[PDB]
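Structure first, then comments.
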Amino acid sequence: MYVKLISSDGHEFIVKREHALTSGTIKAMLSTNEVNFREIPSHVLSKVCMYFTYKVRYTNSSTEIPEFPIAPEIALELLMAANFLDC
Amino acid sequence: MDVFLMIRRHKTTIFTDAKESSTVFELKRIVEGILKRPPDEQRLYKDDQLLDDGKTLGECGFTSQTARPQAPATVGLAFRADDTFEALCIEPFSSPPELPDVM
Amino acid sequence: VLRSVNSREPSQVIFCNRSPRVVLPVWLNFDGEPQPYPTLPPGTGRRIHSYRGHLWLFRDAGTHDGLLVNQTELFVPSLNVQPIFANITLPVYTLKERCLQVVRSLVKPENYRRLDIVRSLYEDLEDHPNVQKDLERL
Ligand SMILES: O=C1CCSc2ccc(Cl)cc21
């Protein structure tokens with residue numbers, strides 16, 4: 001039910017397995033219950049996990065969807081990780 | 001209403017959700033299922049304030065408008081060694097590099 | 001092949017912008033050419049005289065990021081049983097596309113090639129949302 005995503009700097013993020021299987025790349029690195037991301041630091045990986053909760057919450061709900069915030073200071077590293085994970 | 005949370009201890013961060021009406025003790029049961037430590041060995045904090053087991057998350061200030069899916073509220077977690085609780089502490093995340101000159 | 005039907009039957013509609021973006025409404029004329037209408041500020045509404053069978057889509061006025069209208073990408077006014085509501089909302093963007101929007105908003109397109117990322121991201125950044133591109137489709 002939960003899996004552990006580990007950032008390049010050793011922070012451990014524990015998210016629901018369904019939220020993590022939203023990434024095809026993560027599904028493959030599990031297909032074990034831990035994934036080590038040698039290239040993604042914790043200020044990026046935390047945003048990735050916030051995005052999982054946001055997507056699962058707001059896909060197919062037609063209320064009003066708020067904007068997903070991205071601070072400029074992290075935008076480029078986040079893009080690099082999103083590109084690699086096909087998030 | 002659902003409230004969205006980050007439960008944090010040291011270098012550990014749990015992303016989970018709960019109901020505004022659920023209790024601090026029920027949140028401790030969620031942590032127990034994940035980190036395999038009983039509630040008796042756990043203390044939960046909003047910032048520096050210790051949270052009482054019988055209190056609902058809404059009364060400790062976790063509301064649907066502050067504990068949001070894209071911006072979850074942080075709950076501090078501290079463990080108990082044998083007797084004696086460790087102090088509360090949370091390793092900060094890494095820092096972003098200097099914004100490029102472009103931008 | 002994607003165009004407004006010249007029904008000449010009026011259809012009364014409400015553009016309701018439930019997004020934080022400035023919305024550009026776009027009418028596809030009887031030849032399929034996109035026609036922009038005046039922009040809608042965030043959280044504002046505007047009432048519109050249209051016709052049954054006409055085709056509208058909606059976009060971020062500044063960046064042309066795609067938006068949803070009553071979900072789905074096209075709004076076609078129907079029979080007024082009175083005005084039809086067109087609720088314009090954010091989609092759930094992919095995290096990739098949402099990062100491209102923020103980076104594009106901070107970097108002038110001159111300097112895309114000055115950022116240190118894989119080359120494939122230069123092409124992804126340079127491939128701007130575009131109505132004619134999105135109109136290409138079976
Ligand atoms: O998030 C980052 C930040 C540092 S650079 C990098 C390179 C590849 C991938 Cl997948 C991620 C990242």
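Chain lettering (A, B, ...) mirrors the order of the structure tokens, residue numbering begins at 1 for each chain separately, and ligand numbering begins at 1 in order of display.
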Handout entry: Residue list for chain B near chain C as a ChimeraX atom specification, 12 Å, only C-alpha atoms
Key = /B:70,99-103
Could those selected residues go to a file with N, CA and C atoms, as a CSV table (one decimal), in the first residue's frame?
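For reference, part_26.csv as written:
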```
chain,number,residue,atom,x,y,z
B,70,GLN,N,-1.8,20.2,-3.2
B,70,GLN,CA,-0.6,20.8,-3.8
B,70,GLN,C,0.2,21.6,-2.8
B,99,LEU,N,19.4,31.1,-8.7
B,99,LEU,CA,18.6,31.2,-10.0
B,99,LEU,C,19.5,31.6,-11.1
B,100,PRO,N,19.5,31.0,-12.3
B,100,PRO,CA,20.3,31.4,-13.4
B,100,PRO,C,20.1,32.8,-13.8
B,101,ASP,N,21.0,33.4,-14.5
B,101,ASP,CA,20.9,34.8,-14.9
B,101,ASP,C,19.8,35.0,-15.9
B,102,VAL,N,19.8,34.3,-16.9
B,102,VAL,CA,18.5,33.9,-17.6
B,102,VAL,C,17.5,33.6,-16.5
B,103,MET,N,16.3,34.3,-16.6
B,103,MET,CA,15.3,34.3,-15.4
B,103,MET,C,15.8,35.4,-14.4
```
Handout entry: Shell of 7 Å around residue 53 in chain B, only C-alpha atoms, local chain residues under 3 positions omitted, as a PyMOL selection string
Key = chain B and resi 23-25
Please, could you write that set of residues out with N, CA and C atoms as a CSV table (one decimal), in the first residue's frame?
```csv
chain,number,residue,atom,x,y,z
B,23,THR,N,-9.0,12.1,14.5
B,23,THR,CA,-8.3,12.5,15.7
B,23,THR,C,-6.8,12.3,15.5
B,24,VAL,N,-6.1,13.0,16.3
B,24,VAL,CA,-4.6,12.9,16.5
B,24,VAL,C,-4.2,11.4,16.7
B,25,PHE,N,-5.0,10.7,17.6
B,25,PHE,CA,-4.7,9.3,17.8
B,25,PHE,C,-4.9,8.5,16.5
```
Practice task
Restrict the distance test to only C-alpha atoms, flag each residue of chain B within 10 Å of chain A, and return the flagged residues as a ChimeraX atom specification.
Solution key: /B:4-17,33-35,68-72,91-100,103
Handout entry: Contact residues around range 40-53 of chain C with only C-alpha atoms at 10 Å, ignoring same-chain residues under 5 positions, as a PyMOL selection string
Key = chain C and resi 3-25+27+60-61+75-80+83-89
Practice task
Would you kindly report the residues of chain C within 7 Å of chain A, using only C-alpha atoms, as a PyMOL selection string?
Solution key: chain C and resi 18+89-90+92+94-96+99-100+102-103
Exercise for the section: Enumerate the residues of chain A with a DSSP assignment of alpha helix (DSSP H), computed from the backbone, and present them as a PyMOL selection string. Expected result: chain A and resi 17-20+24-30+42-58+75-85
Exercise for the section: Would you please extract all strand (DSSP E or B) residues from chain C, as assigned by DSSP on the backbone, and give them as a count of residues only? Expected result: 42
